[PDB]
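Student: Any chance you can model this:
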Amino acid sequence: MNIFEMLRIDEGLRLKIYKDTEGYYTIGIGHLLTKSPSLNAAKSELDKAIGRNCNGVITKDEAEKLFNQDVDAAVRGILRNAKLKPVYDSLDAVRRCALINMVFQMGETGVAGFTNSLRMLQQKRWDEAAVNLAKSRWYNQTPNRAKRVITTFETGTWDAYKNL
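Tutor: Residues are numbered from 1 along each chain as shown. Take a look:
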């Protein structure tokens, strides 16, 4: 299993503009288009993103291209982030994937906000960190996905996804 397969399980794949769990216009593999309520603003962003008139629909290839960019930008974001980089550098390869997954879902800023949990992960206090992470709007709003990520940080294995 790798970051791509992991995120593919968590976000799903949709070839038609859709509304995410927060009600925002999304496409492909969790690619947020706009927080705006206008489906038109969404279609415009979509076209801007693919470089063609898509009329709200994209191919699998297009979805994958977007997904590659997004994973890439998530990693680069963590690496440029003064709060995130040290954590990421301290982690093993599996746990690194769990942090990338949070960043992909909630953005750099959002994750950078989990101060206490970040400190615990750095210190390698797995159990304590799994507990602190669960005390968040994130966990309450998308509990099954949060559980999988949290299990990944707790164990350092892909068990939560071997299921899936």
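Student: so how far is whichever strand or helix holds residue 150 off the chain centroid?
Tutor: Taking DSSP states H and E as the criterion, residue 150 maps to helix 143-155. Taking the mean of its C-alpha atoms, helix 143-155 sits 13 Å from the chain's own mean (CA atoms, centre = their mean, to the nearest Å).
Student: May I see the buried residues of it?
Tutor: By neighbour count on 16 or more other CB atoms under 10 Å, the buried set for helix 143-155 is 145-146, 148-154. Bear in mind the C-beta positions are built from the backbone N, C-alpha and C, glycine included.
Student: so what's the residue nearest to residue 27 when sequence neighbours are not counted up against?
Tutor: Beyond its immediate neighbours in the sequence, the residue positioned closest to residue 27 (CB to CB, 6 or more residues apart in numbering) is residue 17, lying 5.4 Å away. Contact criterion CB atoms under 8 Å, 6 or more residues apart in numbering gives 25-27, 33, 39, 42-43, 46, 56-57 as the residues in contact with residue 17.
Student: again with residue 120
Tutor: Counting by CB under 8 Å, 6+ apart, residue 120 touches 128-129, 132.
Student: in what helix or strand does it lie?
Tutor: Of the helices and strands defined by DSSP H and E, residue 120 is found in helix 115-122.
Student: Same check on residue 27?
Tutor: Under the assignment here (DSSP H and E), residue 27 is part of strand 25-28.
Student: As CSV, could you dump the C-alpha coordinates of that strand?
Tutor: What follows is strand 25-28, C-alpha atoms only, in CSV (Å, rounded to 0.1, in the frame of the first residue of the first chain):
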residue,chain,number,x,y,z
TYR,A,25,-17.9,21.4,-5.2
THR,A,26,-15.3,18.6,-5.8
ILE,A,27,-14.2,16.4,-8.7
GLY,A,28,-12.0,13.3,-9.2
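Student: Check which helices and strands the helix or strand just after it sits against.
Tutor: Once strand 25-28 ends, the next helix or strand along the chain (criterion: DSSP H and E) is strand 31-34. Using 3 or more CB pairs under 8 Å, 6 or more residues apart in numbering; DSSP states H and E as the contact definition, the elements that strand 31-34 packs against are strand 25-28, helix 39-50, helix 60-80.
Student: and those as a markdown table, adding distance to residue 114 and mean neighbour count?
Tutor: Rendered in a markdown table, the data for those read as follows (distance: least, CB to CB, whole Å; neighbours: other CB atoms under 10 Å):
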| stretch | distance to residue 114 | mean neighbour count |
| --- | --- | --- |
| strand 25-28 | 23 | 25 |
| helix 39-50 | 28 | 16 |
| helix 60-80 | 13 | 16 |
